[PDB]
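First, one chain by itself: the form deposited in one PDB entry, in structure tokens.
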């Protein structure tokens, strides 16, 4: 599956950001949401051809993408931050890199700091691309409905196979045992982060009109379905620890 993940890995997406324009929160947040829309088209194309995922019913595929989109987006952001800047900045796109200054102007400074902490962890662990690609699949399968999916057994089989796949990757001991522990603790830490990101996302989505924070059609459809489920307690995060 590791060779498959390397080939289907989505190419970098440009924000189309103009650096000579004013750094207002409305402009910054709207640019990032339009970027999220373009990135998510690739994410869904990547998901569609994943070994095992293609065997889940379409309704379970939609549920998993709607629950995990924020986690996949933040994890990929930290991956680019690590690979292009050695986790000094938040590399949203090649033409949109956040420093402390942009973080303050985006009106989401603490959440940016929270997303930066994950990039810092990637530098500390010296995360490999192979480890990253399996962890991304585990994030796609990290949240399910409270009453489970339509094909819960098929889901559990796929997820166990990807956990085993991560164990096989780190065994390439002692250090490999500590690595599996550290990579799975890092996966669980995404739940707390994503909970805070979605809180601000849901607020800006509700207050889109007053705030003038644009959302592309891709994000409107996902958030319209996701928001009622999360807010009513229908989401069930899956943890490796606790």
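Positions refer to the first chain, counted from 1.
What follows is about the form solved in complex with a small molecule, which we do not show.
Look at 105 to 113, 139 to 147, 121 to 129, 158 to 166: in the deposited complex, residues with non-hydrogen atoms within 4.5 angstroms of the small molecule sit in 105 to 113. Residues 25, 203 and 211 are all found to lie within 4.5 Å of the small molecule in the deposited complex, as judged by heavy atom distances. Using a 4.5 angstroms threshold between heavy atoms, residue 183 stays clear of the small molecule in the deposited complex.
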